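Student:
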Amino acid sequence: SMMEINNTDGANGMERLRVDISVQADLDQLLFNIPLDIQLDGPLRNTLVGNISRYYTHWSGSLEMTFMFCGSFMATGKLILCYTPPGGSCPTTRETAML
Amino acid sequence: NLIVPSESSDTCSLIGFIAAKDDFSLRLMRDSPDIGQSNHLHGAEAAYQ
Amino acid sequence: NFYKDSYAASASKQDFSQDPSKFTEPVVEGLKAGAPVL
Amino acid sequence: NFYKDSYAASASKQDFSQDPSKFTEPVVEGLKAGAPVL
Amino acid sequence: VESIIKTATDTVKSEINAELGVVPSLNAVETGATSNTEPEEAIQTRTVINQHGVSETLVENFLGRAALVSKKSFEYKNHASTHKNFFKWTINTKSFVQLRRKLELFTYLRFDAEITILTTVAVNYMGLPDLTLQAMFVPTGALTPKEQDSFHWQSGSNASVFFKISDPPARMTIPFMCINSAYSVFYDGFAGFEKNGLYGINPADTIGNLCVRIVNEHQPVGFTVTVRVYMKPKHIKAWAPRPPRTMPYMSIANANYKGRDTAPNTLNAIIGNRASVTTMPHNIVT
Amino acid sequence: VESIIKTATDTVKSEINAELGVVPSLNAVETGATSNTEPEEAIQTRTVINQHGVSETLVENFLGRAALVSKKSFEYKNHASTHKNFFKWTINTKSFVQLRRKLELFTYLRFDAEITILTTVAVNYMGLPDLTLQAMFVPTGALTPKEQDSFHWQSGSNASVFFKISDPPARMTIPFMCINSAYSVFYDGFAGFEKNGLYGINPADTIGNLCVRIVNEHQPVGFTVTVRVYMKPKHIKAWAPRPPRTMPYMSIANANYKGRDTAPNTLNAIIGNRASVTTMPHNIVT
Amino acid sequence: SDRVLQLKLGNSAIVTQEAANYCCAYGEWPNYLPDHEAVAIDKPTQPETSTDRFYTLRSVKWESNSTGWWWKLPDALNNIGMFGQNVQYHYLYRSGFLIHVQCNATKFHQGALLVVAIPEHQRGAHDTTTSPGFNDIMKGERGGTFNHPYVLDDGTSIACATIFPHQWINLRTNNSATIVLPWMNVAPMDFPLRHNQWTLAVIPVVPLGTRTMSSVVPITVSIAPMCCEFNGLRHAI
Amino acid sequence: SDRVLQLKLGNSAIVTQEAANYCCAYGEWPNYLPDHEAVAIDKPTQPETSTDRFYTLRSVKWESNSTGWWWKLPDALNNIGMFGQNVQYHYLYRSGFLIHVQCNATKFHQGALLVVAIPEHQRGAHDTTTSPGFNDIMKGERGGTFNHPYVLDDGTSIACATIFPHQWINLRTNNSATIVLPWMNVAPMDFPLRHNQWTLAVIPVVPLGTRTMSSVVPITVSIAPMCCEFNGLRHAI
Amino acid sequence: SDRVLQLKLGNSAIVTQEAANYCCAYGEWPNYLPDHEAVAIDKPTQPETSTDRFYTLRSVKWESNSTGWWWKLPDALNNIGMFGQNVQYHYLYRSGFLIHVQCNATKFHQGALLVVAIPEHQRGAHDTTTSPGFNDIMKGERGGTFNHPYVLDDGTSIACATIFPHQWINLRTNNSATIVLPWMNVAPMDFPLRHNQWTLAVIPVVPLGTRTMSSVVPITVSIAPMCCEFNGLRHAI
Ligand SMILES: CC(=O)N[C@@H]1[C@@H](O)[C@H](O[C@@H]2O[C@H](CO[C@]3(C(=O)O)C[C@H](O)[C@@H](NC(C)=O)[C@H]([C@H](O)[C@H](O)CO)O3)[C@H](O)[C@H](O)[C@H]2O)[C@@H](CO)O[C@H]1O
Ligand SMILES: CC(=O)N[C@@H]1[C@@H](O)[C@H](O[C@@H]2O[C@H](CO[C@]3(C(=O)O)C[C@H](O)[C@@H](NC(C)=O)[C@H]([C@H](O)[C@H](O)CO)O3)[C@H](O)[C@H](O)[C@H]2O)[C@@H](CO)O[C@H]1O
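Protein chains in written order, with the deposited numbering: chain A, 51 to 149; chain B, 199 to 247; chain C, 30 to 67; chain D, 30 to 67; chain E, 1 to 81, 86 to 128, 135 to 296; chain F, 1 to 81, 86 to 128, 135 to 296; chain G, 10 to 246; chain H, 10 to 246; chain I, 10 to 246.
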């Protein structure tokens, strides 16, 4: 189900359900991040897995995030999606997230 | 980088989805924090009339 | 259940059958692992 | 136990297994009776 | 496709992949199918014999809980000069939000209902009387009593349960009694042949009326009596799961919505806001 | 090494010993092993068929006792103008020293917990009301009620037990619910990814919250209600025994110590003093 | 191979060269009412080709600020062709539906439509305790539009609407969505004029956009009833 | 025969000619995590020789008034060699430990050190209700010292500390103590930077004494992780 | 079929939907050092997943007047992740490499990049008899650029560079190049800080061009060491 990644002031209704990316002028640009506690308020809370999981207290298992690109056919690009196991501060550069 | 020609929109959207795999498990049922009430819902008392 | 009506019995917590695919993959043509979906 | 969950059962006071040596003699080389320890 | 699952699936170790024409991490959301990418195909995994059980999420257990469905307080006294020592309640499962939201996670439900009735009393001090109450089940729109002592309470055919406040809560099971094969949690239609009927209310889904009275005649002083009814579904079958309720409920008669004044759960924003899409809430500051 | 022991070991008769190279009474404490000198090797023994049982010291029995873990008194009255007819207790086994010291004789423990709830009341005389109470189990840091009559008590999913003061104490079993294979009686670490977290407190070892309220509305007069909770572990598995607590406990949140003002159990001297190492206390003066 | 598809029922056929496989709601397929599930005892009429065929509804225009559209079944078809006649002359009806939503554009256009079939989509009204009225619900062939698609006009959410049978029309990928719907109800048959089993919802989660020549981009819905059966014959209502 | 011993792991080796057998904590031996006890599903890295080798920490001086020393594991090694690097780059770790404490003197010296490996040694603070802070617990390679060894700095007692895996270094008898530690935890793996499975404590129950030439008598600790496994790879913390 | 590809190593994976098969240098594949070819006698450490995974370097911008870029291996990765740590702590290393160069644009863009893996690419300096210096050669993660790509900065020629393992990224055809490199050296292992086995060179033989909207077109390099082995453990250099 859809994650509400764009949960920001100024984003209303369905605008909150999509993340806009633009042609960049700089390299290795950070586009967005997503907090991961399916048990707390955030992009993952109002999802099927989030809603049902919140009727429970303990959880275990792998999660899967699927992203669908909705630009035009003539649009191309490569993105890197990274999952960083806990321990430190959220990475802000590709060289770090890439690890 | 996202690269598009002149006639394509230069700002595009992604829709992210999430789900559990079948190696998932949930335990210890509790009331959900996603719903609550302070008063009687409209019409609740009318069920007694 | 000592009652004469079966609906009075205690709960039935033994149905472990599942079929997620009716919700996760309701596509007419099955999708093979690794192969391009389209 | 008439409950459906096994953890609801009464106590289990029947485990008479013991192995004191894991606390009394955790030495890699067993010590023989009467023989000098060192 | 169907099978018996008693534990979460195991993980098999996986090796390096570099095969042309094989792209397990790519999918097509447009088909309507959920991604089938397995962990073993996304990364190198080890072997794991998973023993985690899945029984606490069985529908029977998920919905199998006695939840409050009715709470009614009234005055037990001489009503010479309002619920006069009794009340009537049209049974419904839409008044208390916790049970309602869970039932509404499904489109159709078939179940028997265990009913438990809890009674408490308070003096309006010389002690609390051990009163006898009568709860009579009166079918849909059927004839209900109009007085604490009307003849209707003779209950010749209606089922009645008499219980004392000093006894454990009364309990009994109402069978799955719908005229259909399952109750309609949601009903996109009108209950009548004319056009002025109520929308979304299928009469077939109303278990009935619960008429409760204090059997004892009034005492010289007044008391406040509260009756709480709990319902626990069992022998459950459920069909077509649905999107969970997000906006606060407004009425027991419909799905009308308004939303909270400010996020979370406001019509304009379900999730609370963060500064930006690159702002990590609860970021670890070591 | 492992074996089944149901009685204390027998003694075998022994003869005179005068063997070169054999010195059973000599040992080497430095190895870390406890002396293995047998009575038969230290003195001349007779044969004894020992029938003394060893079941009362089984871990299941040693820890298998319902011990007080919580005691809370509050006023049941009109709180128009403090626990207002209900309270919330974060479950823990560190508040009462008798149970605490025994559990702390072990490093790790795995067990199911039988919970028994005892209620008593006293008038602040016209008799004692037979009140109905509700004890709702609310998971770790989960949402607890803020009023005696909040909607939270509808307990749609949380387990709730309703009981009367006139009934026997309420009872139910909470399963071994740790996210790990055993509870950590002691935890040499910090419960968070940052450095400001609490030391020695692993959240995984907190069974949860116990929310208790009087269901009845207040009476015209006030009463003092005391709720006592007892816990009895069962189906127990224990690992790595530890040195017993000697210094009085100071806090439920840590192992901080100070010691009594004077021996016994003072930081400077655990055992009470005797005049000298050649002074025999309680010497028989015949 | 799974991008091209031809659907043929009765005297009607439809092809698409840019499909995305197709959805069979809950993995089921329409079928006639078996004797062991039947209730009404009169012999039913099974019109076959005169009713089990594609009916194309009037198109709608996808605009930059559109909120979405919906069509309730069988209401949307209760007055179209022989299916409509059988519905009006019979107290009871039963059928599945083959849904085909169409929307093409340009390789320079972007946009994503969620095409979902919702069972028992009971609408809620916004900011009032008054329940929706007959005219708020029964729109017929024209269908209606979403006021707050974000919560599916029922206080829930479109985010989790994927739990229902669906497909998407993502312009850079496909130009049509196909969903096969079996009879969905708690009764073997029903009165077609007062209850709608399914609601077809088409919602633009990602708005239509481009920098090329602006053109009217329509969305068209074609629906074919399947295995129609009617009982309780009388005069037309 | 049980007084001489050589320990060899990776590129490191240690010999002692005055040992006292050696201790295997609870009669166990280190091992890799079996599939039937595993939780984290990513393939673990097993560095072997680069991490399973002896790391010698800075020595401490045994003085006439010393109260004792302690080192927590894995904290003491979290910043040493390749073991430290793997720890910093991985969220999860698992390993056993081979401990070798060294202290030699003279046949004219006397003294007895209790060398004990304490599982979950949760320290307590003295005469205050405030719990110990991060810096009171995480000393790293330097380790810490006991404030009140008599009660093991936790309100219990050193007298009964023999219930834990241990050996003694009694100068007239031996000059080293060796203890093998298996993974000790309630979970199959753990986050190395916030939880210490074991605490090595070296306490002089009988003070150092002699009437011969006074010399600095050091106590040295060498620790070799065993069967190291790491999971949850990312950047270094 | 030979245009789509997924590469998965350790916790990393990469897919491309516009590939051109892929190159296995000299028809070989990476492997661990066999006993009959080994020289160093200490037991090696084989980190596996912590080192054999994709490391993505900072991107570079393909401009109309670019001359080309190069990255030397293992130098480019000697300070990245656990591969970098093992390299710094060990005197000897050995490994193969899986190289994936990425560059996408538009169907209106044109350009052709030669992506070649050169063994022992000993650079020459231009118009001087003085040999290149340490800083002219060791650029690390940033890599360097070609001064005279026409002669491969070594007095030979790019025209004949196709004799080395390579692929091309011709914008109208593909958006990525993949080359698998086996250990290439005259010795079974080597000191990673003073000798580079391979040099990845990306050179625009046909410049980037278009008449559509101008955009920054990056070139990205992702490299995964394969079958890493390290010997001669000591402290970090
Ligand atoms: C209690 C705690 O540990 N921290 C509090 C902060 O979380 C809080 O900041 C707000 O937190 C909100 C949490 O989201 C929910 C939740 O409890 O998970 C989402 C629920 O769906 C929602 N339920 C309903 C019926 O609306 C629930 C509810 O609104 C609140 O419990 C009522 O207060 O919130 C959310 O993320 C907000 O956006 C965020 O600002 C701060 C506020 O000062 O207090 C902390 O103690
Ligand atoms: C009761 C009796 O028969 N004789 C009394 C003497 O024993 C007592 O002299 C003192 O006795 C002390 C006994 O030691 C303990 C015990 O009860 O065994 C040790 C316990 O660990 C300790 N418990 C705690 C929590 O501190 C306990 C406790 O301090 C006392 O019960 C409190 O008074 O004491 C000990 O040997 C003392 O050193 C000794 O002087 C005399 C004192 O006048 O009274 C006799 O009636």
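By construction, the Cβ of each residue, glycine as well, lies at the ideal position given by its N, Cα and C atoms.
#1: When we look at the beta-carbon of G/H130 and count the other beta-carbons within 10 Å, is it buried (16 or more) or exposed?
#2: Measuring from each Cβ to the nearest heavy atom of ligand 2, keep the ones under 6 Å and list them in chain order.
#3: Beta-carbon of D/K33 versus every beta-carbon of chain F: anything under 9 Å?
#4: Can you say whether E/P178 is buried or exposed, counting buried as having 16 or more other CB atoms within 10 angstroms of its CB?
#5: Less than 9 Å between CB atoms is the rule here; does I/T65 satisfy it with respect to chain A?
#6: What residues in its chain sit with their C-beta under 7 Å from that of G/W38, if we drop five residues either side in the sequence?
#7: If you measure from the CB of B/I233, is any heavy atom of ligand 1 nearer than 8 Å?
#8: With which residues is G/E129 paired in a DSSP beta bridge?
#9: So which residues of chain D does H/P174 contact, with C-beta pairs closer than 8 Å?
#10: Using a C-beta cutoff of 9 Å, does G/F143 count as contacting chain B?
#11: Is there a Cβ of chain G sitting closer than 9 Å to that of A/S51, yes or no?
#12: Does I/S10 have its Cβ less than 9 Å from a Cβ in chain E?
#13: Compare the Cα-Cα distances from H/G133 to each of F/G282, F/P258, F/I281 and report the closest residue.
#14: Quick one: what does DSSP say H/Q111 is sitting in, helix, strand or coil?
#15: Which first and last residues belong to the alpha helix (DSSP H) in which C/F52 is found?
#16: With the cut-off set at 9 Å, would you say B/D229 and A/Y133 are in Cβ contact?
#17: Between which residues of its own chain and F/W93 is the CB-CB distance below 6 Å, once the five residues before and five after are set aside?
#18: Would I/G77 count as contacting chain A if we go by Cβ distances under 9 Å?
#19: Quick one: what does DSSP say I/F200 is sitting in, helix, strand or coil?
#20: Taking Cβ-Cβ distances shorter than 8 Å, what residues in chain E pair up with I/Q97?
#21: Hey, would you say the C-beta of G/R103 is under 8 Å away from at least one heavy atom of ligand 1?
#22: Pick out whichever of F/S176, F/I5, F/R252 has its Cα sitting closest to the Cα of H/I127.
#23: Under 8 Å Cβ to Cβ from I/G164, same chain only, skipping five residues before and after it: list those, please.
#24: Quick check: does the Cβ of C/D48 come within less than 8 Å of any heavy atom belonging to ligand 4?
#25: Counting only the same chain and skipping the five closest in sequence on each side, list residues whose C-beta sits under 6 Å from that of F/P149.
#26: Closest Cβ-Cβ distance between I/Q111 and chain A: below 9 Å?
#27: Measure the C-alpha to C-alpha separation of E/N17 and I/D199 and round it to an integer number of angstroms.
#28: Going straight from the alpha carbon of C/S50 to that of G/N30, what length do you get?
#29: Taking the CB atoms as reference points, tell me whether F/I49 and F/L143 lie closer together than 9 Å.
#30: Nearest chain E C-beta to B/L200 closer than 9 Å, yes or no?
#31: Please report whether the beta-carbon of E/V195 lies at a distance below 9 Å from any beta-carbon of chain A.
#32: Quick one: using the 10 Å Cβ neighbour count with 16 as the cut-off for buried, is G/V69 buried or exposed?
#33: Can you find the residues in the same chain that come closer than 6 Å, C-beta to C-beta, to E/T183, ignoring five residues on each side of it along the sequence?
#34: Going by alpha carbons, who is nearest to A/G63 out of G/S223, G/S185, G/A245, G/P216?
#35: Check the Cβ of A/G137 against every Cβ in chain F and list those closer than 8 Å, keeping chain order.
#36: How close, in whole Å, do the beta carbons of I/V48 and I/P197 come, if the pair is a contact with beta carbons under 8 Å?
Tutor: Result, derived from the coordinates:
#1: Here residue 130 of chain G is taken as the residue at index 121 of the seventh sequence, counted from 1. Buried.
#2: Listed along the chain, these residues meet the criterion: F/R270, F/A273, F/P274, F/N275, F/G282.
#3: Position 4 of the fourth sequence, counting from 1, holds the residue named residue 33 of chain D. No, D/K33 lies away from the interface with chain F (no Cβ there is under 9 Å from its Cβ).
#4: Translated into positions along the fifth sequence, residue 178 of chain E becomes position 168. Per the 10 Å Cβ criterion, exposed.
#5: Position 56 of the ninth sequence, counted from the first residue, corresponds to residue 65 of chain I. Judged by the 9 Å Cβ criterion, I/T65 is in contact with chain A.
#6: Here residue 38 of chain G refers to the residue found at position 29 when the seventh sequence is read from its first residue. So the list reads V189, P191, once near-sequence residues are dropped.
#7: Within the second sequence, numbered from 1, the residue matching residue 233 of chain B stands at position 35. Relative to ligand 1, B/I233 has its C-beta within less than 8 Å of a heavy atom.
#8: Walking along the seventh sequence from the start, residue 129 of chain G turns up at place 120. The partner list for G/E129 (beta bridge, DSSP) is empty, contrary to what the question assumes.
#9: For this step, residue 174 of chain H is matched to residue 165 along the eighth sequence. Counting only Cβ-Cβ distances below 8 Å, H/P174 has contacts in chain D at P55, in chain order.
#10: Here residue 143 of chain G refers to the residue found at position 134 of the seventh sequence. No, G/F143 does not count as interfacial toward chain B.
#11: Against the first sequence, residue 51 of chain A aligns to sequence position 1. Output row for A/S51: interface = yes.
#12: Residue mapping note: residue 10 of chain I aligns to position 1 of the ninth sequence, counting from 1. By this cut-off, I/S10 is an interface position.
#13: As a first step, residue 133 of chain H is located in the eighth sequence; it is residue number 124 there, counting from the start. The shortest C-alpha separation from H/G133 is found at F/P258.
#14: Within the eighth sequence, numbered from 1, the residue matching residue 111 of chain H stands at position 102. H/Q111: strand per DSSP, three-state reduction.
#15: For this step, residue 52 of chain C is matched to residue 23 along the third sequence. Counting along the chain, the alpha helix (DSSP H) containing C/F52 begins and ends at 50-53.
#16: The count along the second sequence starts at 1 and reaches residue 229 of chain B at position 31. The count along the first sequence starts at 1 and reaches residue 133 of chain A at position 83. Result no, Cβ atoms of B/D229 and A/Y133 do not sit closer than 9 Å.
#17: In the sixth sequence, counting from the first residue as 1, residue 93 of chain F sits at position 89. Cβ neighbours of F/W93 beyond the five flanking positions: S70, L220.
#18: For the purposes of this step, residue 77 of chain I is identified with residue 68 of the ninth sequence, where counting begins at 1. Chain A, which has no Cβ nearer than 9 Å to the Cβ of I/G77, makes this no.
#19: Reading the ninth sequence from its first residue, position 191 is the one you call residue 200 of chain I. Coil, per DSSP.
#20: As a working note, residue 97 of chain I is residue 88 in the ninth sequence. The contacting residues do not exist; I/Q97 stays about 24 Å from chain E at best.
#21: In the seventh sequence, counting from the first residue as 1, residue 103 of chain G sits at position 94. G/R103 Cβ: outside cutoff for every heavy atom of ligand 1.
#22: For this step, residue 127 of chain H is matched to residue 118 along the eighth sequence. Minimum Cα distance to H/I127 is reached at F/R252.
#23: Counting from one through the ninth sequence, the residue named residue 164 of chain I turns up at place 155. So the list reads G133, once near-sequence residues are dropped.
#24: Of the ligands this structure carries, namely ligand 1 and ligand 2, none is ligand 4.
#25: One-based indexing of the sixth sequence puts residue 149 of chain F at position 139. So the list reads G218, once near-sequence residues are dropped.
#26: Your numbering for residue 111 of chain I matches position 102 in the ninth sequence. Closer than 9 Å: yes.
#27: Locating residue 17 of chain E in the fifth sequence gives position 17, where the first residue counts as 1. Locating residue 199 of chain I in the ninth sequence gives position 190, where the first residue counts as 1. Going from the Cα of E/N17 to the Cα of I/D199 covers about 27 Å.
#28: Residue numbering aside, residue 50 of chain C sits at position 21 when the third sequence is read from its first letter. Residue numbering aside, residue 30 of chain G sits at position 21 when the seventh sequence is read from its first letter. Taking the straight line joining both Cα atoms gives about 15 Å.
#29: Locating residue 49 of chain F in the sixth sequence gives position 49, where the first residue counts as 1. Locating residue 143 of chain F in the sixth sequence gives position 133, where the first residue counts as 1. Not a contact, by the Cβ cut-off of 9 Å.
#30: The residue given as residue 200 of chain B occupies position 2 in the second sequence. No, B/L200 does not count as interfacial toward chain E.
#31: Along the fifth sequence, read from residue 1 onward, the residue named residue 195 of chain E stands at position 185. For E/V195, the answer is no, since every Cβ of chain A falls outside 9 Å of its Cβ.
#32: One-based indexing of the seventh sequence puts residue 69 of chain G at position 60. The residue is buried, with at least 16 neighbouring Cβ atoms inside 10 Å.
#33: Taking the first residue of the fifth sequence as 1, we reach residue 183 of chain E at position 173. Same-chain partners within the cutoff: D116, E118.
#34: Along the first sequence, one-based indexing puts residue 63 of chain A at 13. A/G63 has its Cα closest to that of G/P216, out of G/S223, G/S185, G/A245, G/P216.
#35: Sequence index remark: in the first sequence, residue 137 of chain A carries index 87 (1-based). Going along chain F in sequence order, the residues near A/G137 (Cβ under 8 Å) are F203.
#36: Here residue 48 of chain I is taken as the residue at index 39 of the ninth sequence, counted from 1. Here residue 197 of chain I is taken as the residue at index 188 of the ninth sequence, counted from 1. Confirmed, Cβ separation roughly 5 Å.
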